[PDB]
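Here's a solo chain for you in C-alpha cells, the form deposited in one PDB entry.
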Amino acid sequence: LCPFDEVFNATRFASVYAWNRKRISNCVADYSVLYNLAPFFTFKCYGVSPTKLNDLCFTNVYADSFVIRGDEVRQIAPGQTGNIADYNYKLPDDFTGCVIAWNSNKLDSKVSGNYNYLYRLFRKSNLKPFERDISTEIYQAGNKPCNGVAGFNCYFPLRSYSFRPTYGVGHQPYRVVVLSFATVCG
C-alpha cells in the first residue's frame, strides 16, 4: 500500500520547531479506511473532503509530524495566528490538505517532566508557510547587542515543554500529522 504506519505509528515524533517532512509518492493510499476506522482526536480537512479523498489523485503528498501543546492544536489551521503559527509551523491560508492529531499523554509524558520536545518562543519575524528554523541562537531583546550568551535581555529562543501526566488536557502532548496534497491515488 503506502507507508502510513511509518508516520502515524512512529515510535518517536519530532519537536514542532524541527518538524519532520516525509514525501509520499508511488503508492496507493486508502484515506477512507484511515478516516473511518482510526479513532483520532482530530481529523479536519480544509481544501478537500475526507470522505471522497480516494477519487482524487495528486502528483506528490507530504506528511509533517510534530508534538505540540494540547490547546495549541487550534492554530494548526489556515489563517491562524499565535506562537506556533508565527514562529514554529505556519500553514498557508489556501491549505488544501488535512490535519490529524491525537492525544499522546500515555507516551510523551513523564512524572519528572519530559523536556525532549522544544518550541520556538522568540523570533525576529513570522514564519513563511511550510518553512522551519532548525538553527538556534540567542535572540536580542531591546536594543543592546548580544555577545552570544544568555543574559538580562538575551534569551534562548527554544523553550521546553514539560509534559507530566497531571497537567490536564490543555497542556497534554498532542501528536499532529499534517497531510499536504498522479502517482498517489486511492
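Each residue number is its position in the shown sequence, starting from 1. The term rigid core refers to the maximal set of C-alpha atoms that superpose within 1.5 Å between the two forms.
Quick note: we don't show the form deposited in another entry, though the next part is all about it.
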Scan 48, 138, 121, 38 for the one whose CA shifts by 2 Å or more between the shown form and the other one after superposing the rigid core, and name it.
38
Residue 102 to residue 36, Cα distance in that other deposited form relative to here: closer or farther, by 3 Å or more?
closer
Against the displayed form, residue 36 vs residue 13 by Cα, in that other deposited form, with 3 angstroms or more change: pair is closer
